[PDB]
Amino acid sequence: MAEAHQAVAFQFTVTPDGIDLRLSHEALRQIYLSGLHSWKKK
């Protein structure tokens, strides 16, 4: 049923060496489609 990957799609961590940002392939799918509708007229 519930999965950690589904619960979180983006992770941001600050380290002494810099910053790290991780995103799941699933997070990408939502973002492209959401944008596709954004360009499209309502």
# chains A, B, ... in the order shown; residues from 1 in each chain; ligands from 1
$ residues_around --residues "residue 12 (chain A)" --least-positions-apart "4" --cutoff "12 Å" --atoms "only C-alpha atoms" --output "list in words"
residues 8, 18, 19, 20, 21, 22 and 23 of chain A
$ write_last_selection --atoms "N, CA and C atoms" --output "short mmCIF file (atom, residue, chain, number, x, y, z; two decimals), in the first residue's frame"
data_model
loop_
_atom_site.label_atom_id
_atom_site.label_comp_id
_atom_site.auth_asym_id
_atom_site.auth_seq_id
_atom_site.Cartn_x
_atom_site.Cartn_y
_atom_site.Cartn_z
N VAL A 8 7.22 10.78 -0.33
CA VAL A 8 8.18 11.84 -0.62
C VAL A 8 8.70 11.73 -2.05
N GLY A 18 28.02 21.55 1.02
CA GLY A 18 27.14 22.25 0.10
C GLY A 18 25.69 21.87 0.32
N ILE A 19 24.95 21.67 -0.77
CA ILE A 19 23.56 21.28 -0.69
C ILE A 19 23.32 20.12 -1.64
N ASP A 20 22.36 19.28 -1.27
CA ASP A 20 22.00 18.13 -2.07
C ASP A 20 20.50 18.13 -2.31
N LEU A 21 20.10 17.81 -3.53
CA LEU A 21 18.69 17.77 -3.85
C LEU A 21 18.39 16.53 -4.67
N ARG A 22 17.45 15.73 -4.18
CA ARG A 22 17.07 14.50 -4.86
C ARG A 22 15.60 14.52 -5.25
N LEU A 23 15.35 14.05 -6.47
CA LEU A 23 13.97 14.02 -6.96
C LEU A 23 13.70 12.71 -7.69
#
$ atom_distance --atom1 "CA of residue 27 (chain A)" --atom2 "CA of residue 11 (chain A)"
10.8 Å
$ closest_residue --among "A:24, A:42, A:31, A:36" --to "residue 10 (chain A)" --atoms "only C-alpha atoms"
A:24
$ select_by_dssp --residues "chain A" --states "strand (DSSP E)" --output "PyMOL selection string"
chain A and resi 10-15+18-23
